[PDB]
Amino acid sequence: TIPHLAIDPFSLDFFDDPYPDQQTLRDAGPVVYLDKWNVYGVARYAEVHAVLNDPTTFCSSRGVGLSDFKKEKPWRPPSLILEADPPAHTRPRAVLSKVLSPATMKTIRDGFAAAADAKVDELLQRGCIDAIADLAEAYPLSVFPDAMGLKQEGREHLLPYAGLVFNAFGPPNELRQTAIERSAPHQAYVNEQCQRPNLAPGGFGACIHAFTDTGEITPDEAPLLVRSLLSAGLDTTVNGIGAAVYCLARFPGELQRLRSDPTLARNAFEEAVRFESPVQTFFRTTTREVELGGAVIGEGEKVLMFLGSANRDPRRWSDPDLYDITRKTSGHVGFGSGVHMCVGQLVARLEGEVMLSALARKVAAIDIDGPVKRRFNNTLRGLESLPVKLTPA
Ligand code: HEM
Ligand SMILES: O=C(O)c1ccc2ccccc2c1
Ligand SMILES: O=C(O)c1ccc2ccccc2c1
Ligand SMILES: [Cl-]
């Protein structure tokens with residue numbers, strides 16, 4: 001009576017065509033057993049939300065990828081923020097929270113909006129640009145590392161580093177294994193930029209470091225908390241911004257609606273996060289016997305959370321399959337929900353806003369003239385190439 005399923009939600013065929021299979025996983029019960037990996041999973045908005053909002057029953061401190069840390073050697077020592085539970089999680093959540101506050105945002109928005117306008121300009125003069133490498137990658141890349149206060153050298157490694165991390169959450173398939181064995185130079189690069197002297201003052205890196213001086217964090221914890229933003233900080237957004245553009249490309253009218261009202265910018269990004277959901281999936285582990293979606297699940301059980309699914313659940317969302325920029329997007333789980341809810345959402349939104357804001361004032365049409373190509377990854381959903389023509393306003 002927990003229906004089994006052959007669906008492998010970490011398979012290349014699944015990533016290419018997720019959406020029919022997701023539907024199955026919601027209409028198969030509110031709780032399902034994937035025979036493939038021996039793990040329970042919940043796909044509906046209903047359950048997903050509940051799970052995220054009960055950290056006590058569904059802890060994160062035993063891994064939020066497949067591998068239970070209670071039993072297995074992590075591939076690296078875990079997050080202080082992501083793979084920790086209240087009480088422990090509160091301190092580093094705090095320190096990160098301050099660092100990335102709407103205060104901190106105000107002091108940097110202008111820079112971000114400026115570069116956002118110049119990049120849409122730069123591209124418009126080409127015409128045929130690749131919406132990923134020339135925009136979704138390029139724009140985040142230009143701004144975010146600088147905003148961290150990183151060196152120039154080495155930024156090659158950022159996306160491959162974050163991809164590794166995001167791959168390591170999945171099951172021990174090909175994507176994952178490969179990613180690990182190619183990993184060393186990426187890490188060695190990141191571990192280097194987390195150290196105090198390599199972070200220019202002003203940047204999130206140094207702002208984070210100051211917390212060592214007050215006692216707020218230790219100096220061992222200091223670099224670990226930076227690593228944290230260099231894992232979760234870029235790929236996600238690259239992928240979000242890319243996702244957005246993909247939308248306005250497939251929904252011409254909805255673009256006209258944005259051009260017409262460019263103050264809907266921020267919200268157009270958000271609905272895009274709902275609509276594609278960059279971070280697709282994430283595990284928890286039970287800490288007691290818990291009754292979930294009608295079923296009783298024993299403790300120390302892994303539960304997979306289908307975050308994308310939740311965001312497209314017909315049961316919670318009117319017309320889940322449509323990119324509608326005016327939606328009440330509040331409630332979507334694209335940045336998670338509850339205590340771990342993306343501590344960086346603001347930066348992401350700042351980015352997505354100004355970018356889409358610029359696109360709005362400056363561009364007239366977006367057409368996909370090319371072969372569109374998909375970057376596969378156990379946890380991240382996004383594109384590798386998206387060839388577009390860009391009509392100038
Ligand atoms: C638009 C792209 C982004 C998406 C879709 C996204 C998604 C998420 C999600 C779903 C979670 C919850 C994890 C969980 O519940 O276990 C989360 C947490 C987190 N995010 Fe993001 N994020 C994005 C951008 C960012 C940025 C720009 C930063 C850095 C400033 C960031 C840093 C973090 C960190 C450090 C956590 C752990 C939070 C905690 O445990 O309290 N993310 N993010
Ligand atoms: O997301 C990426 O851009 C990316 C690129 C190369 C990657 C190589 C190995 C593992 C993950 C990777 C992710
Ligand atoms: O603290 C980290 O290293 C870390 C790593 C990967 C992460 C992935 C998504 C969100 C937060 C993350 C934090
Ligand atoms: Cl690492």
# chains A, B, ... in the order shown; residues from 1 in each chain; ligands from 1

call {"tool": "residues_near_ligand", "arguments": {"ligand": "ligand 3", "cutoff": "7 Å", "atoms": "only C-alpha atoms and all ligand atoms", "output": "MDAnalysis selection string"}}
result
chainID A and resid 78:82 165:166 224:225 227:229 231:232

call {"tool": "residues_around", "arguments": {"residues": "residue 10 (chain A)", "least_positions_apart": "4", "cutoff": "9 Å", "atoms": "only C-alpha atoms", "output": "JSON, numbers by chain"}}
result
{"A": [14, 15, 170, 171, 173, 377, 378, 379]}

call {"tool": "closest_residue", "arguments": {"among": "A:264, A:272, A:333, A:238", "to": "residue 134 (chain A)", "atoms": "only C-alpha atoms"}}
result
A:238

call {"tool": "residues_near_ligand", "arguments": {"ligand": "ligand 4", "cutoff": "8 Å", "atoms": "only C-alpha atoms and all ligand atoms", "output": "VMD selection string"}}
result
chain A and resid 76 to 77 165 187 190 to 191 227

call {"tool": "residues_around", "arguments": {"residues": "residue 49 (chain A)", "least_positions_apart": "5", "cutoff": "12 Å", "atoms": "only C-alpha atoms", "output": "ChimeraX atom specification"}}
result
/A:42-44,54-55,58,292-293,305-307,309-311,313,316,331-339,341

call {"tool": "write_last_selection", "arguments": {"atoms": "C-alpha atoms", "output": "PDB file, in the first residue's frame"}}
result
ATOM      1  CA  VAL A  42       6.985  12.375  -1.584  1.00  0.00           C
ATOM      2  CA  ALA A  43       6.124  14.488  -4.641  1.00  0.00           C
ATOM      3  CA  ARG A  44       3.012  16.580  -3.717  1.00  0.00           C
ATOM      4  CA  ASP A  54       9.182  19.811  10.625  1.00  0.00           C
ATOM      5  CA  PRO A  55      12.939  19.854  11.130  1.00  0.00           C
ATOM      6  CA  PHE A  58      12.764  15.233   9.387  1.00  0.00           C
ATOM      7  CA  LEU A 292       3.343  10.585   6.690  1.00  0.00           C
ATOM      8  CA  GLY A 293       0.811  10.885   3.840  1.00  0.00           C
ATOM      9  CA  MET A 305      11.543  15.451  -1.593  1.00  0.00           C
ATOM     10  CA  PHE A 306      10.481  16.273  -5.168  1.00  0.00           C
ATOM     11  CA  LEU A 307      10.723  20.044  -4.926  1.00  0.00           C
ATOM     12  CA  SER A 309       6.976  18.467  -8.395  1.00  0.00           C
ATOM     13  CA  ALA A 310       5.564  20.268  -5.410  1.00  0.00           C
ATOM     14  CA  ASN A 311       5.893  23.546  -7.406  1.00  0.00           C
ATOM     15  CA  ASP A 313       1.286  20.329  -8.124  1.00  0.00           C
ATOM     16  CA  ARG A 316      -1.839  23.648  -4.882  1.00  0.00           C
ATOM     17  CA  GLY A 331       4.217  29.295  -0.999  1.00  0.00           C
ATOM     18  CA  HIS A 332       6.530  27.888  -3.712  1.00  0.00           C
ATOM     19  CA  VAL A 333       9.332  25.747  -2.402  1.00  0.00           C
ATOM     20  CA  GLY A 334      11.995  26.616  -5.008  1.00  0.00           C
ATOM     21  CA  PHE A 335      14.074  28.169  -2.223  1.00  0.00           C
ATOM     22  CA  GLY A 336      12.917  25.492   0.190  1.00  0.00           C
ATOM     23  CA  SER A 337      10.776  26.498   3.162  1.00  0.00           C
ATOM     24  CA  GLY A 338      10.969  26.765   6.932  1.00  0.00           C
ATOM     25  CA  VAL A 339      14.243  27.123   8.826  1.00  0.00           C
ATOM     26  CA  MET A 341      14.939  28.303   3.421  1.00  0.00           C
TER      27      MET A 341
END

call {"tool": "closest_atom_pairs", "arguments": {"of": "region 109-205 of chain A", "to": "region 93-104 of chain A", "cutoff": "12 Å", "atoms": "only C-alpha atoms", "output": "CSV"}}
result
residue,atom,partner,partner_atom,distance
A:109,CA,A:104,CA,8.8
A:110,CA,A:104,CA,11.6
A:147,CA,A:104,CA,10.7
A:148,CA,A:99,CA,10.5
A:202,CA,A:104,CA,10.3
A:203,CA,A:99,CA,9.4
A:204,CA,A:99,CA,6.3
A:205,CA,A:99,CA,9.0

call {"tool": "closest_atom_pairs", "arguments": {"of": "chain A", "to": "ligand 2", "cutoff": "12 Å", "atoms": "only C-alpha atoms and all ligand atoms", "output": "Markdown table"}}
result
| residue | atom | partner | partner_atom_place_in_ligand_line | distance |
| --- | --- | --- | --- | --- |
| A:132 | CA | ligand 2 | 3 (O) | 10.2 |
| A:133 | CA | ligand 2 | 3 (O) | 9.9 |
| A:136 | CA | ligand 2 | 3 (O) | 11.0 |
| A:137 | CA | ligand 2 | 3 (O) | 8.6 |
| A:138 | CA | ligand 2 | 3 (O) | 11.9 |
| A:141 | CA | ligand 2 | 3 (O) | 11.6 |
| A:155 | CA | ligand 2 | 3 (O) | 11.9 |
| A:156 | CA | ligand 2 | 5 (C) | 9.8 |
| A:157 | CA | ligand 2 | 6 (C) | 8.7 |
| A:158 | CA | ligand 2 | 3 (O) | 8.3 |
| A:159 | CA | ligand 2 | 3 (O) | 4.7 |
| A:160 | CA | ligand 2 | 6 (C) | 4.1 |
| A:161 | CA | ligand 2 | 11 (C) | 6.8 |
| A:162 | CA | ligand 2 | 13 (C) | 6.7 |
| A:163 | CA | ligand 2 | 13 (C) | 3.6 |
| A:164 | CA | ligand 2 | 11 (C) | 4.4 |
| A:165 | CA | ligand 2 | 11 (C) | 7.8 |
| A:166 | CA | ligand 2 | 11 (C) | 7.6 |
| A:167 | CA | ligand 2 | 11 (C) | 6.4 |
| A:168 | CA | ligand 2 | 10 (C) | 9.0 |
| A:169 | CA | ligand 2 | 11 (C) | 11.7 |
| A:170 | CA | ligand 2 | 11 (C) | 11.9 |
| A:174 | CA | ligand 2 | 10 (C) | 10.3 |
| A:175 | CA | ligand 2 | 10 (C) | 7.0 |
| A:176 | CA | ligand 2 | 10 (C) | 7.5 |
| A:177 | CA | ligand 2 | 10 (C) | 9.2 |
| A:178 | CA | ligand 2 | 9 (C) | 6.9 |
| A:179 | CA | ligand 2 | 10 (C) | 4.2 |
| A:180 | CA | ligand 2 | 10 (C) | 7.6 |
| A:181 | CA | ligand 2 | 9 (C) | 9.1 |
| A:182 | CA | ligand 2 | 9 (C) | 6.9 |
| A:183 | CA | ligand 2 | 9 (C) | 7.6 |
| A:184 | CA | ligand 2 | 9 (C) | 11.3 |
| A:185 | CA | ligand 2 | 9 (C) | 11.7 |
| A:186 | CA | ligand 2 | 9 (C) | 9.8 |
| A:231 | CA | ligand 2 | 1 (O) | 11.1 |
| A:232 | CA | ligand 2 | 1 (O) | 11.7 |
| A:234 | CA | ligand 2 | 1 (O) | 9.5 |
| A:235 | CA | ligand 2 | 1 (O) | 6.2 |
| A:236 | CA | ligand 2 | 1 (O) | 9.0 |
| A:237 | CA | ligand 2 | 1 (O) | 11.0 |
| A:238 | CA | ligand 2 | 1 (O) | 8.9 |
| A:239 | CA | ligand 2 | 1 (O) | 8.5 |
| A:278 | CA | ligand 2 | 1 (O) | 11.0 |
| A:374 | CA | ligand 2 | 1 (O) | 10.3 |
| A:375 | CA | ligand 2 | 1 (O) | 6.7 |
| A:376 | CA | ligand 2 | 1 (O) | 8.0 |
| A:377 | CA | ligand 2 | 11 (C) | 6.9 |
| A:378 | CA | ligand 2 | 11 (C) | 9.2 |
| A:379 | CA | ligand 2 | 1 (O) | 10.2 |
| A:380 | CA | ligand 2 | 1 (O) | 7.8 |
| A:381 | CA | ligand 2 | 1 (O) | 9.3 |
| A:382 | CA | ligand 2 | 1 (O) | 8.4 |
| A:383 | CA | ligand 2 | 1 (O) | 8.9 |
| A:384 | CA | ligand 2 | 3 (O) | 7.5 |
| A:385 | CA | ligand 2 | 3 (O) | 10.7 |

call {"tool": "closest_residue", "arguments": {"among": "A:255, A:113, A:217, A:150", "to": "residue 353 (chain A)", "atoms": "only C-alpha atoms"}}
result
A:113

call {"tool": "closest_residue", "arguments": {"among": "A:223, A:233, A:308, A:41", "to": "ligand 1", "atoms": "only C-alpha atoms and all ligand atoms"}}
result
A:233

call {"tool": "residues_around", "arguments": {"residues": "residue 135 (chain A)", "least_positions_apart": "4", "cutoff": "9 Å", "atoms": "only C-alpha atoms", "output": "PyMOL selection string"}}
result
chain A and resi 119-120+123+129-131+139-140+238+241-242

call {"tool": "write_last_selection", "arguments": {"atoms": "N, CA and C atoms", "output": "JSON list (two decimals), in the first residue's frame"}}
result
[["chain", "number", "residue", "atom", "x", "y", "z"],
["A", 119, "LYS", "N", 25.24, 44.29, -19.93],
["A", 119, "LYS", "CA", 25.31, 42.93, -20.51],
["A", 119, "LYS", "C", 24.22, 42.68, -21.51],
["A", 120, "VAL", "N", 23.05, 43.25, -21.28],
["A", 120, "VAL", "CA", 21.98, 43.17, -22.26],
["A", 120, "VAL", "C", 22.34, 44.02, -23.47],
["A", 123, "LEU", "N", 25.13, 42.19, -25.59],
["A", 123, "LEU", "CA", 24.59, 41.09, -26.39],
["A", 123, "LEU", "C", 23.73, 41.54, -27.55],
["A", 129, "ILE", "N", 23.00, 35.20, -29.73],
["A", 129, "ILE", "CA", 23.79, 34.96, -28.52],
["A", 129, "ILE", "C", 23.31, 33.67, -27.89],
["A", 130, "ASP", "N", 24.16, 33.05, -27.07],
["A", 130, "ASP", "CA", 23.74, 31.86, -26.34],
["A", 130, "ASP", "C", 23.29, 32.31, -24.98],
["A", 131, "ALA", "N", 21.99, 32.20, -24.74],
["A", 131, "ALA", "CA", 21.36, 32.69, -23.51],
["A", 131, "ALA", "C", 21.95, 32.16, -22.19],
["A", 139, "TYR", "N", 26.47, 36.71, -16.80],
["A", 139, "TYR", "CA", 26.06, 37.75, -15.85],
["A", 139, "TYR", "C", 26.30, 37.35, -14.40],
["A", 140, "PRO", "N", 25.71, 36.21, -13.95],
["A", 140, "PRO", "CA", 26.07, 35.84, -12.60],
["A", 140, "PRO", "C", 27.58, 35.83, -12.40],
["A", 238, "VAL", "N", 22.64, 30.89, -11.95],
["A", 238, "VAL", "CA", 22.90, 30.69, -13.37],
["A", 238, "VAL", "C", 21.71, 29.97, -13.91],
["A", 241, "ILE", "N", 18.18, 32.19, -13.68],
["A", 241, "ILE", "CA", 18.24, 33.15, -14.77],
["A", 241, "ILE", "C", 18.11, 32.47, -16.14],
["A", 242, "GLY", "N", 18.83, 31.38, -16.36],
["A", 242, "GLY", "CA", 18.68, 30.65, -17.61],
["A", 242, "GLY", "C", 17.25, 30.17, -17.76]]

call {"tool": "closest_residue", "arguments": {"among": "A:391, A:284, A:25, A:363", "to": "residue 53 (chain A)", "atoms": "only C-alpha atoms"}}
result
A:284

call {"tool": "residues_around", "arguments": {"residues": "residue 5 (chain A)", "least_positions_apart": "6", "cutoff": "9 Å", "atoms": "only C-alpha atoms", "output": "ChimeraX atom specification"}}
result
/A:25,28,32-36

call {"tool": "write_last_selection", "arguments": {"atoms": "N, CA and C atoms", "output": "PDB file, in the first residue's frame"}}
result
ATOM      1  N   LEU A  25       4.529  10.251 -10.007  1.00  0.00           N
ATOM      2  CA  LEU A  25       4.912  10.267  -8.602  1.00  0.00           C
ATOM      3  C   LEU A  25       3.967  11.053  -7.664  1.00  0.00           C
ATOM      4  N   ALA A  28       0.503   8.629  -7.614  1.00  0.00           N
ATOM      5  CA  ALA A  28       0.770   7.258  -7.265  1.00  0.00           C
ATOM      6  C   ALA A  28       0.462   7.066  -5.788  1.00  0.00           C
ATOM      7  N   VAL A  32       5.460   7.339  -1.873  1.00  0.00           N
ATOM      8  CA  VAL A  32       5.848   6.286  -2.799  1.00  0.00           C
ATOM      9  C   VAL A  32       7.197   5.696  -2.408  1.00  0.00           C
ATOM     10  N   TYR A  33       7.402   4.450  -2.837  1.00  0.00           N
ATOM     11  CA  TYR A  33       8.639   3.711  -2.703  1.00  0.00           C
ATOM     12  C   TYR A  33       9.202   3.476  -4.094  1.00  0.00           C
ATOM     13  N   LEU A  34      10.407   3.993  -4.277  1.00  0.00           N
ATOM     14  CA  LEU A  34      11.173   3.829  -5.483  1.00  0.00           C
ATOM     15  C   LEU A  34      11.976   2.587  -5.274  1.00  0.00           C
ATOM     16  N   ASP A  35      11.627   1.544  -5.997  1.00  0.00           N
ATOM     17  CA  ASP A  35      12.288   0.270  -5.930  1.00  0.00           C
ATOM     18  C   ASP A  35      13.718   0.432  -6.369  1.00  0.00           C
ATOM     19  N   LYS A  36      13.946   1.415  -7.204  1.00  0.00           N
ATOM     20  CA  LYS A  36      15.253   1.593  -7.779  1.00  0.00           C
ATOM     21  C   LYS A  36      16.369   1.851  -6.791  1.00  0.00           C
TER      22      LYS A  36
END
